[PDB]
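Heads up, the chain below is alone and in the form deposited in one PDB entry; it's given as structure tokens.
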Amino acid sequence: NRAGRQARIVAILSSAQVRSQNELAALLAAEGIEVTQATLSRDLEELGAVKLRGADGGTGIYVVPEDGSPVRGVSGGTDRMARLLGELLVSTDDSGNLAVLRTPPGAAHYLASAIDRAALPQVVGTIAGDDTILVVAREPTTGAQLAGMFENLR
């Protein structure tokens, strides 16, 4: 199935050097498993696979971090956001496509900045006031779902 294909992908990547998704499709094909690039795109996105390279390092090869870090540049953005939510998030709420977050006075800009830097797929953008942040959910995510996601980190 899917989770089996993905296990094979984490394996094929750590052992080989895949530079493209079509390339990973052929690597899976010779191994019996047949998938399209479309699906691998989805898998790698779920896997958190990142096309890596060093300075002057040309086209990268895919690699999934083992909760080990992306060298130097943390990913990291999300963990930092989670820490600041735990510290600064006072309440969450929602209406339509909006999650509304409250913070202590003056803290909204700092928390919103942390959320922007996490670059969440379901967030179109944020605006901070002084103690309130409007977070715009990317369709079809609702404000209520976005809010629940923030709540779970509160």
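Only residues modelled in both forms are compared. Only the largest set of C-alpha atoms that superpose within 1.5 Å between the two forms is called the rigid core. The first residue of the sequence shown is number 1, and the count goes up from there.
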Take the C-alpha B-factors listed in the entry for 66 to 74 and for 115 to 123, compute each mean, and give the stretch with the larger one.
66 to 74
Once average C-alpha B-factors are taken from the entry for 101 to 109 and 28 to 36, the winner is 28 to 36
Entry record, C-alpha B-factors for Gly48, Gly86, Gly58, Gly96; the maximum is at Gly58
Place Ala144 in the lowest, middle or highest third of its chain's C-alpha B-factors, as listed in the PDB entry.
middle
Going by what the PDB entry lists, where does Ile133 fall on CA B-factor within its chain: lowest, middle or highest third?
lowest
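Keep in mind that the form deposited in another entry is missing from the display, and what follows is about it.
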Inspect the rigid-core superposition and answer whether the C-alpha of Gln21 shifts by 2 angstroms or more between this form and the one not shown.
yes
Using a rigid core alignment, state whether the CA of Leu52 is displaced by 2 Å or more between this form and the one not shown.
yes
Given that the distance between the C-alpha atoms of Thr39 and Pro121 changes by 3 Å or more in that other deposited form, do they end up closer or farther than here?
farther
Closer or farther: how do the Cα atoms of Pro70 and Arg117 compare in that other deposited form relative to this form, given a change of at least 3 Å?
closer
Requiring every Cα in the run to move by 2 Å or more, and the run to span 3 or more residues, what stretches do you find between this form and the one not shown with the rigid core held fixed?
1 to 74
